[PDB]
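There is one chain below, alone, in structure tokens, taken in the form deposited in one PDB entry.
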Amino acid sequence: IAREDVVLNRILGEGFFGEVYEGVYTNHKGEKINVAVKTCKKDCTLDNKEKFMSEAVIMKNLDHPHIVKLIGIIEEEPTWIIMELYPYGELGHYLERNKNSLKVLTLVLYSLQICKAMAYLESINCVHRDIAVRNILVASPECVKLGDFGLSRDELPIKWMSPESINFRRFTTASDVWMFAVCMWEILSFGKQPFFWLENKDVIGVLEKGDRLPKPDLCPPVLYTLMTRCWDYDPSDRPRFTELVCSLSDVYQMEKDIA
């Protein structure tokens, strides 16, 4: 990837290390590719430069259909990490914009796609820590991709977190399972924020006493049941993502049959 082939267009957001720009990359074939170009302040420590660059070193290895894609890296100053840009943007806002036209089958599809990504992470004992619809991008109506690009960060959102994460800052694959079911609640609620009726400080109290997020109107009952299993207080009683894939695939086929 040569710098002359990357054209920057507008600020996408601020990341931890520097601004992130929307851009266009023209590849060796000559096609134009929408990219998110991540930058790093020049005055950062060697450690922070290493951390910044480590994203590209890691992500080069990820090629899952439901994980975001690293396009490339320009190592020379100014050092740029070039991620694929998904013009549809975040799933939460996508759902908000499209509530009147989306079918439940499609909501279950997205849940299963993310579950498959997470089962892959579980297979290598990696944890996400920030599973939420803001970290999922829509590649197309038929395809979502999981990212990890929130300003906290290879491995707080209180209203998404397991009780052990809230109480002890403990984060395991089992706590990701809890967070993933919250993400599913967001999907099935067309982007509503979980516990929007509470302040962060009230959340643990509610969980300790046995209260949970109510079933979204459109959520199939069997899917709500799975959600509630992911919200078992005891991390040992939550399913593994690997087995959840099987459970979700069953819900998808039940939903596809009735459609």
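Heads up: residue numbers just count along the shown sequence, starting at 1. For clarity, a rigid core is taken as the largest C-alpha set superposing within 1.5 Å between two forms.
Checked against the other entries of this protein, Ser152 counts as unresolved in at least one third of those spanning it.
According to the PDB entry, the deposited sequence contains 4 to 9 residues between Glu155 and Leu156 that lack coordinates.
In the deposited sequence, the stretch from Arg153 to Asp154 hides 1 to 3 residues that have no coordinates.
Of the two stretches examined, 123-131 and 74-82, the record assigns the greater average C-alpha temperature factor to 74-82. The PDB entry reports B-factors from which the mean C-alpha value can be compared for 222-230 and 54-62; the larger average falls on 54-62. Per the PDB record, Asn100 has a higher Cα B-factor than any other of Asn167, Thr106, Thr173, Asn100. Per the PDB record, residue ranking by Cα B-factor puts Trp185 in the lowest third of the chain. Annotation for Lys42: CA B-factor lies in the highest third of the chain's modelled residues. Per the deposited record, the Cα B-factor of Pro214 falls in the lowest third when ranked against the other modelled residues of its chain. Ranked by Cα temperature factor within the chain, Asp250 sits in the middle third according to the deposited record. Ranked against the other modelled residues of its chain, the C-alpha B-factor of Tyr88 as given in the entry falls in the highest third.
Although not depicted, the form deposited in another entry is the subject of the following passage.
The Cα shift for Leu218 between the shown form and the other one, taken after rigid core superposition, is smaller than 2 angstroms. After superposing the rigid core, the C-alpha of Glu164 moves by less than 2 Å between the shown form and the other one.
Relative to the superposed rigid core, the position of the CA of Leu207 differs between the shown form and the other one by less than 2 Å. The pair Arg170 and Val57 approaches in the other form: their C-alpha atoms are at least 3 Å nearer to each other than in the form depicted. In summary, the C-alpha positions of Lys29 and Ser140 diverge in the other form, ending up at least 3 angstroms farther from each other than in this conformation.
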